[PDB]
Structures are given as structure tokens and as C-alpha cells.
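J.: These protein sequence lines map, in sequence, to chains W and Z.
Per my numbering, the very first residue in the first sequence carries number 2; after that it's consecutive.
Per my numbering, the very first residue in the second sequence carries number 2; after that it's consecutive.
Where is the CB? At the ideal position from N, CA and C, for every residue including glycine.
Number of protein chains: 2
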Amino acid sequence: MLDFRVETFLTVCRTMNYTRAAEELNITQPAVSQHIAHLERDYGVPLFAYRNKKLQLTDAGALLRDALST
Amino acid sequence: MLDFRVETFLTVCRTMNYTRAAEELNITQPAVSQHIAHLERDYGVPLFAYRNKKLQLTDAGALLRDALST
Ligand SMILES: [Cl-]
Ligand SMILES: [Cl-]
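Next up, the structure:
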């Protein structure tokens, strides 16, 4: 998995806010979402989801988060 | 995630055979399966599955594999 997709995932994982991650990364939100979308399409699992209008880290998102810090 | 659970996951991921992983790790198969089972219960996603009598690495298993090598 590519360094920059990983960096975007971790930023969104940390901010829990895509537009905020984009500002931090100095890229556009759609760019942030395309990085995430590529990982989700490549691995076939969602990493984030909205539930009742609030961003959530999925079970696979949490596994990715912890694996990256090992 | 604990060093030894990670090591067991990678061994099974590599051998694609639990009894073989156990022999390699010098622990019993049920021990191997308990390590894996703990990760799967903790993260809520399966890492392996049998499909038509053959061991498979799941989508989450592949994500874990690649994340651990980053
Ligand atoms: Cl958001
Ligand atoms: Cl097996």
C-alpha cells in the first residue's frame, strides 16, 4: 500500500473529518476521498462510514489503524 | 496488537495451513487458533475462512498482511 494513501488514511482516522484532513494535507477533499476509495476498492472493505450523520471508523478501519502502528 | 498474535497471524498467512504453522511455531494448533480467534474477536472481522474445503485469506486478512509490511 502506497505511502501517500496510508498517510491520508491516518489523517482522516485522526481528524474523523474529511474536509479537515484535506486542509491538513493541503489537498482537496475529493483527493482525500479518492485515496481512501482506492484502498477500499483494492481490499474490498470499507474503512469509514456515516452512521446517523456522524463519521465512524469501521472494524476494518480499526484493524488497519492498529496494524500500521505495529 | 500483541507481538505473538501478530507472529502467529503472519505464519498462518504464509503457510496457509494451521497445523503446519503450529509445528513451525512449536506450539499446538489450538494455541495457534486461539491467537487468531482473539484478533478476530477483538476486531470483529474474520482473517481466514475455508471455502470448499480449502483455506482462504479473507479481505481483512489481506489488509492486515499488507499493513504489517508497511
Ligand atoms: Cl466527514
Ligand atoms: Cl488449515
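1. Between the region 24 to 40 of chain Z and the region 46 to 57 of chain W, can you find at least three pairs of beta-carbon atoms closer than 8 angstroms?
2. Can the beta-carbon of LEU48/W be found closer than 8 angstroms to that of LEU26/W?
3. By the DSSP assignment, the alpha helix (DSSP H) with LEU56/W in it spans what residues?
4. Please list, following the chain, all residues that have a C-beta closer than 7 angstroms to any non-hydrogen atom of ligand 3.
5. Against chain W, does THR71/Z count as a neighbour if the rule is that its beta carbon must be under 8 angstroms from one of theirs?
6. Taking the CB atoms as reference points, tell me whether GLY45/W and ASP43/Z lie closer together than 8 angstroms.
7. Could you tell me which whole alpha helix (DSSP H) segments of length 4 or greater appear in the region 7 to 44 of chain W?
8. Are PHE10/Z and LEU40/Z closer than 8 angstroms when you measure CB to CB?
9. In its own chain, which residues sit with a C-beta less than 6 angstroms from the C-beta of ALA22/Z, not counting the 5 before and 5 after it?
10. Pull up the distance between the alpha-carbon of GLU8/Z and that of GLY62/W, whole angstroms please.
T.: Quick answer:
1. no
2. No, the Cβ-Cβ distance between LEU48/W and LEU26/W is not below 8 angstroms.
3. Counting along the chain, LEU56/W falls outside any alpha helix (DSSP H), though it belongs to the beta strand (DSSP E) covering 55 to 58.
4. Ligand 3 is not part of this structure, which contains only ligand 1 and ligand 2.
5. yes
6. Taking 8 angstroms as the cut-off, the Cβ atoms of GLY45/W and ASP43/Z do not count as close.
7. If only uninterrupted alpha helix (DSSP H) runs of at least 4 residues are considered, those enclosed by the region 7 to 44 of chain W are 19 to 26 and 30 to 44.
8. yes
9. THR12, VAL13, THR16 and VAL33
10. Taking C-alpha positions only, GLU8/Z is separated from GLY62/W by approximately 21 angstroms.
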